[PDB]
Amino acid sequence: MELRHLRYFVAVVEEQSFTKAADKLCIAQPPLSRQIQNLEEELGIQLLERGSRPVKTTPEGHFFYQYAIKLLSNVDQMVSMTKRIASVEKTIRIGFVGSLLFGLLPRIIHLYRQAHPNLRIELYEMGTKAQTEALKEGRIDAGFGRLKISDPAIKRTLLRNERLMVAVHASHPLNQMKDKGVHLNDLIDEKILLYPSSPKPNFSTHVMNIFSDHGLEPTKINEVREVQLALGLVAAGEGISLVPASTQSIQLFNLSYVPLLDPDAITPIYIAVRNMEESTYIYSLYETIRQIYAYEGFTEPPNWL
């Protein structure tokens, strides 16, 4: 038998009518009656005095109603009880892009971590496209990326614009311009290393937008898998690359970082959250970004609160 068999019987007994029971179940009278019939023909006992109005129970049905109500109610309790032991431990899932690993994100996470010793924190290297998908889908709670998001269900805050830099070998003509800087236009015809080869749109997309925003489109490009390969290939003299300033966490012999003069040769750092987000766990993260930044001397991101 079914619980549906029971809920139907119970609705008929209480209402003492087949109509007030089918309407309160939002079903038709025929299927309702047929199911209780199927219940009776399965038990071998008649529960209802059918034909006598208002509908009432057989003595056997009168006992069955009492056990049925309890059993339905114990199903209700089971479900509830089962839901009480489940899902105690709070988890915050944070998505981020690999390039952000060389900046402040780690120390930010560590601090937030000290602030919440009872919180499970899961970290996932993901791109902005996946982050947006994972956010809307609940899979993550806060994303960090370099590429703006086109999606109304999501909200981006710009945390800080970060300066682009030209990684060059030490013998390169441009290295003579290390102190002062070069312009994007000075790079236009060099072999340029773009990275990562990871799913678009990634940092290579951004670099190209920067050149395109400045009327430029370099033909000598060569996409490479990762940032260390970029730098590594540069320090072997394959060519130049464009990297965030924070990437200067990586120093390789004869690898020389060189500023850009173009006021808009910048890569922004965003935090993305679901549009209607309000967890104190995210604001606490946000506050932690504000705390670290001031500590470091960057301008603070604006008020959540």
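Position 1 is the first residue in the sequence shown; the rest follow in order.
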The stretch carrying the higher mean Cα B factor in the deposited entry, 195-203 or 100-108, is 195-203
Assert higher mean C-alpha B factor (283-291 or 11-19, deposited values) equals 11-19
Among 257, 253, 270, 65, highest Cα B-factor in the entry goes to 65
Using only the C-alpha B-factors in the record, can you name which of 275, 33, 241, 246 has the highest?
33
Comparing residue 175 with the other modelled residues of its chain, is its CA B-factor in the lowest, middle or highest third?
lowest
Would you mind checking where the Cα B-factor of residue 55 ranks among the modelled residues of its chain, as the lowest, middle or highest third?
highest
Could you place residue 262 in the lowest, middle or highest third of its chain by Cα temperature factor, using the values in the record?
lowest
Splitting the chain's C-alpha B-factors into thirds, which one does residue 114 fall into?
middle
Rank-wise, by C-alpha B-factor, drop residue 235 into the lowest, middle or highest third of its chain.
lowest
